[PDB]
Amino acid sequence: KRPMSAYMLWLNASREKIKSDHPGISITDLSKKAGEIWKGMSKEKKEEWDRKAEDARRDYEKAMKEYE
């Protein structure tokens with residue numbers, strides 16, 4: 001669904017910098033840290049990640065039409 005895909009695009013793009021700023025962070029604490037950063041981001045920035053994910057979903061669906 002759209003919230004999950006928007007979050008996944010953002011976190012994959014941001015994971016390296018978040019981890020670099022938190023040396024030694026555990027798997028579990030990184031999951032929690034990322035959740036807090038997302039909640040702190042502005043509504044507009046999160047809508048921007050949703051727009052990027054919707055673009056990628058549309059591209060995938062188009063390419064899958066070509067495949068099938």
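Just the heavy atoms: all of them, side chains too, but no hydrogens, waters or symmetry mates, feed the values below. Just so you know, residue 1 is the first one in the sequence shown, and it goes up from there.
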Worksheet item: Is any side-chain N of the basic residue among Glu48 and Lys45 closer than 4.0 Å to the acidic one's carboxylate O?
Response: no
For the [atom1] atom on [X], are there more than 12 heavy atoms of other groups (residues, nucleotides or ligands in this structure) within a distance under 6.0 Å?
| X | atom1 | answer |
| --- | --- | --- |
| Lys33 | NZ | no |
| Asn12 | CG | no |
| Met41 | CE | yes |

Indicate yes or no: at least one non-hydrogen side-chain atom of [X] is less than 4.5 angstrom from one of [Y].
| X | Y | result |
| --- | --- | --- |
| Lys19 | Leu30 | yes |
| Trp38 | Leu11 | no |
| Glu47 | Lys43 | yes |

Item to complete: Assess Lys46 against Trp49: is NZ or CZ under 6.0 Å from the centre of the six-membered ring, and within 45 degrees of the ring's axis?
Response: no
Practice prompt. With sequence neighbours left out, write down each residue that passes side-chain hydrogen bond (donor to acceptor under 3.5 Å, both in side chains) with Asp50, or none if nothing qualifies.
Written response: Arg2
Let me check something: any side-chain donor-acceptor pairs from residues 59-68 under 3.5 Å, sequence neighbours excluded? List them with distances.
from: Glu61; atom 1: OE1; to: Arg57; atom 2: NH1; distance (Å): 3.0
from: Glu61; atom 1: OE2; to: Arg57; atom 2: NH1; distance (Å): 3.3

Fill in: Single-linkage hydrophobic cluster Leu9~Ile37, side-chain heavy atoms < 4.5 angstrom
yes
Response to the item:
Rounding to 0.5 Å, atoms CD1 (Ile18) and CD1 (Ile25) come to a distance of 8.5 Å
Item to complete: Report the C-alpha separation of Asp55 and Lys52 in whole Å, then their side-chain angles, then the decisive distance to 0.1 Å, and conclude whether the salt bridge (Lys or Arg N to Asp or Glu O under 4.0 Å) test is met.
Response: CA-CA 5 Å; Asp55 285 349; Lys52 290 175 176 172; over 6 Å; no
Practice prompt. Looking only at non-hydrogen atoms, find the nearest pair between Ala6 and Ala53 and report the distance.
Written response: N-CB, 3.9 Å
